[PDB]
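A short worksheet on the structure shown next.
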Amino acid sequence: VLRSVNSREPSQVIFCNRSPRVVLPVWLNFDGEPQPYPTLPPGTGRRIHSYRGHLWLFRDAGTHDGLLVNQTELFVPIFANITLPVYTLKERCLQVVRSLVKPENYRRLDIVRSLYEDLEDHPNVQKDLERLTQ
Amino acid sequence: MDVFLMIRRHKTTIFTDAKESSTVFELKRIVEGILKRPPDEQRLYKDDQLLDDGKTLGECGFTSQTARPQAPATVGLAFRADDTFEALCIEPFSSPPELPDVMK
Amino acid sequence: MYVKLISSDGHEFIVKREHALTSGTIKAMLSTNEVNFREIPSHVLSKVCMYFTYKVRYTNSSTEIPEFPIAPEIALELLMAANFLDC
Ligand SMILES: O=C(NCc1ccc(Cl)cc1)[C@@H]1C[C@@H](O)CN1C(=O)c1ccccc1Cl
């Protein structure tokens with residue numbers, strides 16, 4: 001539904017991780033399925049072989065936090081500048097807490113039921129790919 | 001080039017930006033607009049060292065590398081009680097609790 | 001132009017109205033030049049004010065955005081404040 005166009009037209013891309021995170025590049029195949037690629041260390045660049053009309057998205061390789069590419073969510077091939085978005089203070093706080101607490105132990109933190117469910121609702125690529133149908 | 005500050009006196013903290021080239025006296029005029037106190041009744045400090053009016057904020061140590069949005073630099077403020085200046089006093093913020101065992 | 005945000009312990013935080021309006025809760029509460037937070041401590045409200053300046057500076061930038069730092073000790077309380085403030 002939100003897939004890559006099978007152009008067969010080679011396009012040279014340079015993925016630049018202009019973020020403090022380890023980036024996981026995700027290619028959406030011809031069937032809309034997300035295909036992960038080898039991870040980019042914090043301030044690193046990589047010359048990659050892609051194709052015109054192919055769809056890409058970049059997430060944090062560990063936590064799956066969403067990243068921007070050339071100030072937007074999706075990249076269509078060329079420079080792919082992967083940056084942190086200005087996350088909300090809530091999302092940023094959830095990120096830090098998730099990074100300090102084991103999923104099982106989230107119910108042991110003295111906070112409201114809504115916040116437990118906010119921590120449990122981890123970032124996901126499939127969930128993101130569904131929000132992008134509207 | 002902007003610089004990000006916390007202007008602090010007692011339990012009062014002003015959050016403002018200024019140019020590296022802005023002078024100490026120009027910052028005093030900013031405080032004046034907010035706290036309704038004239039530069040002559042003001043004294044500004046960096047780490048409890050009194051800053052000269054004519055010196056720029058860069059010369060005073062507030063730079064892009066030191067005074068960031070997410071981590072602003074602290075400028076100390078003191079008022080005059082006609083005459084004599086009050087001693088610099090910055091009330092420390094509230095203390096956070098002991099880290100939960102579950103987040104250690 | 002500016003607004004006063006008073007914490008649970010009387011610390012008064014003077015911030016630009018544009019910045020304080022980042023919080024939907026504050027935006028609502030401001031319709032008065034002062035807002036009292038009977039629940040948020042100073043160590044929490046100061047980092048919120050920092051978030052406001054960080055958000056206004058980095059929103060729609062094209063450069064490189066730095067990570068917003070959060071100490072482990074504040075993480076839990078800041079989460080509750082951010083959740084309350086629609087931040
Ligand atoms: O694999 C590919 N390039 C090599 C590469 C190695 C490491 C990294 Cl980090 C990035 C890129 C390309 C990219 C995407 O269009 C996919 N693709 C294809 O060559 C392709 C084309 C048609 C069907 C299936 C595939 Cl895998």
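In the structure tokens, chains take the letters A, B, ... in the order shown, each chain's residues start at 1, and ligands count up from 1 in the order shown.
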**Request:** Identify every residue of chain A that has at least one atom within 8 Å of any atom of chain B, counting only C-alpha atoms, and report the result as a ChimeraX atom specification.
**Result:** /A:97,100-101,105,108-109
**Message:** as a PyMOL selection string, please: every protein or nucleic acid residue near ligand 1 (cut-off 12 Å, counting only C-alpha atoms and all ligand atoms).
**Reply:** chain A and resi 3-17+23-41+44-58+75-77+80
**Message:** Distance limit 12 Å, atoms considered: only C-alpha atoms. Which chain B residues sit that close to chain C? Return them as a PyMOL selection string.
**Reply:** chain B and resi 2-17+30-31+33-35+67-73+90-104
**Distance filter 10 Å, only C-alpha atoms, chain A against chain C, as number ranges by chain** = A: 17-21, 70-71, 81-97, 99-100, 109-112, 114-115
Just N, CA and C atoms for this one: save the residues we selected as an mmCIF file, in the first residue's frame.
```
data_model
loop_
_atom_site.group_PDB
_atom_site.id
_atom_site.type_symbol
_atom_site.label_atom_id
_atom_site.label_comp_id
_atom_site.auth_asym_id
_atom_site.auth_seq_id
_atom_site.Cartn_x
_atom_site.Cartn_y
_atom_site.Cartn_z
ATOM 1 N N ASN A 17 24.128 9.820 8.894
ATOM 2 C CA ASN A 17 23.538 9.755 10.204
ATOM 3 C C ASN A 17 23.999 10.996 10.977
ATOM 4 N N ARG A 18 23.256 12.095 10.815
ATOM 5 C CA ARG A 18 23.525 13.341 11.524
ATOM 6 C C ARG A 18 22.681 13.316 12.828
ATOM 7 N N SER A 19 22.826 12.208 13.617
ATOM 8 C CA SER A 19 22.136 11.942 14.881
ATOM 9 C C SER A 19 23.056 11.209 15.924
ATOM 10 N N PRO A 20 22.778 11.333 17.249
ATOM 11 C CA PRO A 20 23.585 10.600 18.239
ATOM 12 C C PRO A 20 23.231 9.110 18.356
ATOM 13 N N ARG A 21 22.183 8.668 17.631
ATOM 14 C CA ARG A 21 21.645 7.313 17.656
ATOM 15 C C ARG A 21 22.263 6.419 16.591
ATOM 16 N N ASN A 70 15.811 14.137 5.607
ATOM 17 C CA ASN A 70 15.631 15.394 4.881
ATOM 18 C C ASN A 70 14.374 16.114 5.336
ATOM 19 N N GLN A 71 14.212 16.185 6.681
ATOM 20 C CA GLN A 71 13.134 16.834 7.452
ATOM 21 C C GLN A 71 11.738 16.189 7.357
ATOM 22 N N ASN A 81 19.843 12.776 4.747
ATOM 23 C CA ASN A 81 20.294 13.326 6.016
ATOM 24 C C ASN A 81 19.361 12.923 7.124
ATOM 25 N N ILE A 82 19.827 11.948 7.915
ATOM 26 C CA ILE A 82 19.084 11.331 9.001
ATOM 27 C C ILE A 82 19.346 12.147 10.225
ATOM 28 N N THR A 83 18.275 12.736 10.765
ATOM 29 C CA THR A 83 18.346 13.591 11.937
ATOM 30 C C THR A 83 17.296 13.188 12.939
ATOM 31 N N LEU A 84 17.509 13.607 14.204
ATOM 32 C CA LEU A 84 16.546 13.409 15.256
ATOM 33 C C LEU A 84 15.422 14.388 14.980
ATOM 34 N N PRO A 85 14.154 14.009 15.239
ATOM 35 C CA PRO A 85 13.101 15.022 15.194
ATOM 36 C C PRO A 85 13.140 15.784 16.542
ATOM 37 N N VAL A 86 12.401 16.890 16.661
ATOM 38 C CA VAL A 86 12.280 17.505 17.971
ATOM 39 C C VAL A 86 11.148 16.663 18.603
ATOM 40 N N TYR A 87 11.505 15.565 19.319
ATOM 41 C CA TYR A 87 10.509 14.720 19.981
ATOM 42 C C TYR A 87 9.748 15.581 20.991
ATOM 43 N N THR A 88 8.568 15.124 21.422
ATOM 44 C CA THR A 88 7.851 15.849 22.471
ATOM 45 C C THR A 88 8.587 15.550 23.762
ATOM 46 N N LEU A 89 8.424 16.399 24.768
ATOM 47 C CA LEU A 89 9.025 16.147 26.066
ATOM 48 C C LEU A 89 8.457 14.841 26.637
ATOM 49 N N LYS A 90 7.164 14.538 26.403
ATOM 50 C CA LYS A 90 6.574 13.260 26.846
ATOM 51 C C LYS A 90 7.291 12.067 26.188
ATOM 52 N N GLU A 91 7.386 12.043 24.834
ATOM 53 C CA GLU A 91 8.051 10.964 24.106
ATOM 54 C C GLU A 91 9.511 10.810 24.568
ATOM 55 N N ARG A 92 10.247 11.935 24.681
ATOM 56 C CA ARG A 92 11.627 11.934 25.145
ATOM 57 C C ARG A 92 11.726 11.299 26.542
ATOM 58 N N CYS A 93 10.824 11.663 27.450
ATOM 59 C CA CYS A 93 10.777 11.082 28.798
ATOM 60 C C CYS A 93 10.458 9.567 28.767
ATOM 61 N N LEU A 94 9.445 9.155 27.989
ATOM 62 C CA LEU A 94 9.119 7.758 27.804
ATOM 63 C C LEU A 94 10.376 6.999 27.301
ATOM 64 N N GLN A 95 11.104 7.541 26.289
ATOM 65 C CA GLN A 95 12.341 6.982 25.738
ATOM 66 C C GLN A 95 13.356 6.686 26.825
ATOM 67 N N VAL A 96 13.676 7.685 27.677
ATOM 68 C CA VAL A 96 14.652 7.577 28.771
ATOM 69 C C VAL A 96 14.229 6.515 29.792
ATOM 70 N N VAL A 97 12.977 6.578 30.262
ATOM 71 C CA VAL A 97 12.420 5.616 31.216
ATOM 72 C C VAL A 97 12.512 4.196 30.654
ATOM 73 N N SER A 99 14.568 3.048 28.490
ATOM 74 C CA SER A 99 15.994 2.726 28.438
ATOM 75 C C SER A 99 16.604 2.392 29.818
ATOM 76 N N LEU A 100 15.883 2.697 30.905
ATOM 77 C CA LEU A 100 16.352 2.458 32.273
ATOM 78 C C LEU A 100 15.621 1.324 32.987
ATOM 79 N N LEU A 109 6.700 1.031 38.691
ATOM 80 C CA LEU A 109 6.983 2.484 38.754
ATOM 81 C C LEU A 109 5.736 3.193 39.262
ATOM 82 N N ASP A 110 5.857 4.067 40.277
ATOM 83 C CA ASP A 110 4.683 4.763 40.851
ATOM 84 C C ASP A 110 4.124 5.939 40.001
ATOM 85 N N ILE A 111 3.386 5.569 38.948
ATOM 86 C CA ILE A 111 2.776 6.461 37.960
ATOM 87 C C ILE A 111 1.379 5.963 37.570
ATOM 88 N N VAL A 112 0.588 6.861 36.971
ATOM 89 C CA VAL A 112 -0.784 6.615 36.503
ATOM 90 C C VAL A 112 -0.861 5.511 35.436
ATOM 91 N N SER A 114 -2.368 5.364 32.604
ATOM 92 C CA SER A 114 -2.181 5.901 31.258
ATOM 93 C C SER A 114 -0.713 5.827 30.859
ATOM 94 N N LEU A 115 0.196 6.222 31.798
ATOM 95 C CA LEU A 115 1.643 6.241 31.598
ATOM 96 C C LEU A 115 2.238 4.855 31.453
#
```
**Request:** Using backbone DSSP assignments, extract all helix (DSSP H, G or I) residues from chain C; output them as a PyMOL selection string.
**Result:** chain C and resi 17-20+24-29+42-58+72-85
**Request:** Go through chain A and collect every residue that DSSP, computed from the backbone, puts in strand (DSSP E or B); the answer should be as an MDAnalysis selection string.
**Result:** chainID A and resid 10:17 23:28 34:36 40 45:51 55:60 66 68:69 72 75 79:83
Kindly export the residues of the current selection with C-alpha atoms, as an mmCIF file, in the first residue's frame.
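Contents of the output file part33.cif:
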```
data_model
loop_
_atom_site.group_PDB
_atom_site.id
_atom_site.type_symbol
_atom_site.label_atom_id
_atom_site.label_comp_id
_atom_site.auth_asym_id
_atom_site.auth_seq_id
_atom_site.Cartn_x
_atom_site.Cartn_y
_atom_site.Cartn_z
ATOM 1 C CA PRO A 10 19.923 2.694 -10.286
ATOM 2 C CA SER A 11 20.236 5.674 -7.907
ATOM 3 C CA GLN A 12 23.293 6.370 -5.747
ATOM 4 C CA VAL A 13 22.360 7.543 -2.220
ATOM 5 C CA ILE A 14 24.564 8.737 0.666
ATOM 6 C CA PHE A 15 22.956 7.948 4.057
ATOM 7 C CA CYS A 16 24.327 10.440 6.595
ATOM 8 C CA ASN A 17 23.538 9.755 10.204
ATOM 9 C CA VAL A 23 20.306 4.252 12.716
ATOM 10 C CA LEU A 24 18.533 1.230 11.177
ATOM 11 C CA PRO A 25 17.626 1.918 7.526
ATOM 12 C CA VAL A 26 14.373 0.321 6.477
ATOM 13 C CA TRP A 27 13.498 -0.262 2.816
ATOM 14 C CA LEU A 28 9.814 -0.829 2.023
ATOM 15 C CA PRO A 34 9.742 -3.229 5.593
ATOM 16 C CA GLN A 35 13.216 -4.657 4.902
ATOM 17 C CA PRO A 36 15.946 -3.707 7.460
ATOM 18 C CA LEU A 40 24.839 3.155 10.706
ATOM 19 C CA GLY A 45 27.951 8.081 6.393
ATOM 20 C CA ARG A 46 27.399 5.267 3.862
ATOM 21 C CA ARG A 47 27.323 5.242 0.030
ATOM 22 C CA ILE A 48 24.454 2.902 -0.854
ATOM 23 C CA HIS A 49 23.052 1.519 -4.116
ATOM 24 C CA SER A 50 19.291 2.101 -4.364
ATOM 25 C CA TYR A 51 16.826 2.813 -7.198
ATOM 26 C CA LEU A 55 10.892 4.000 -0.401
ATOM 27 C CA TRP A 56 13.075 4.382 2.729
ATOM 28 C CA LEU A 57 12.583 5.151 6.425
ATOM 29 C CA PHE A 58 15.115 5.508 9.289
ATOM 30 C CA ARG A 59 14.617 4.416 12.889
ATOM 31 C CA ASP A 60 16.830 3.984 16.034
ATOM 32 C CA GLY A 66 11.424 7.420 14.647
ATOM 33 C CA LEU A 68 13.608 12.173 10.089
ATOM 34 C CA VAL A 69 15.242 12.014 6.662
ATOM 35 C CA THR A 72 10.329 14.312 6.591
ATOM 36 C CA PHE A 75 12.862 9.110 1.625
ATOM 37 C CA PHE A 79 21.730 12.911 0.091
ATOM 38 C CA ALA A 80 19.701 11.227 2.870
ATOM 39 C CA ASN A 81 20.294 13.326 6.016
ATOM 40 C CA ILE A 82 19.084 11.331 9.001
ATOM 41 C CA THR A 83 18.346 13.591 11.937
#
```
**Item:** Nearest to residue 18 of chain B, chosen from B:77, B:1, B:54, B:40, with only C-alpha atoms counted in the distances
**Value:**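 Smallest separation from residue 18 of chain B among the options: B:1.
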